[PDB]
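Take a look at this single chain, the form deposited in one PDB entry, given in structure tokens.
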């Protein structure tokens, strides 16, 4: 017909199968979400982006999926992260009472996947999906992750932790979901402290990264939002205390 070709990779192959299997396994190992009808949430997920131009997806498109995947997690044991998902998921795996976004149903469903649809048809596009900088920044994956990260940050309370990679050029990057969505959606009425865990890395060059200019910038941001800021250098990543 008039198919749109994009500069980014297509939908992950076996995407419906993978999403349904992930939902099954999650409801298995997370009994607090056993009330979930997985076929219905997959229907909501696919209805979010099917038969819609991939560059005009909005948060409301994902609203039905957000309701079937509502998950009130203990708000005082939320672990945010940025650019160190390996170590963050290791921590939540060895200290199984704390949650990352990927430990919730929707994050576990969509983690490491790619998906988009077509405007003229109702089939999932497996050939290409929009590139964020070359095609369009608001696509099914972008809108989904922004929406879910906003709702996950808004649900946090008491002391909220964030894991950060100290080996990055920008330990705190404004152009990340944590910097562009999560820090701005922590509720001052529920959160009193954001605690950064700056994980150390780089064979040599291990000083006090809590004095890094990006950490001071994050501190001023969270302070202007009337939330206390906490920062702790982590020199070697011993989850073997845990």
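Whichever C-alpha set is largest while still superposing within 1.5 Å between the two forms counts as the rigid core. Residue numbers count along the first chain shown, from 1.
From this point on, the text means the form deposited in another entry, which you will not see here.
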Cα displacement of residue 40 between the shown form and the other one reaching 2 Å, rigid core superposed:
no
Core-superposed comparison between the shown form and the other one, residue 30 Cα displacement 2 Å or beyond: yes
Align both forms on the core first, then report whether residue 70 has a C-alpha shift of 2 Å or more between the shown form and the other one. yes
Relative to the shown structure, Cα residue 112 and Cα residue 202 in the other entry (3 Å or more change) are closer
Assert for residue 186-residue 32 (C-alpha, 3 Å or more) in the other entry vs reference form: pair farther
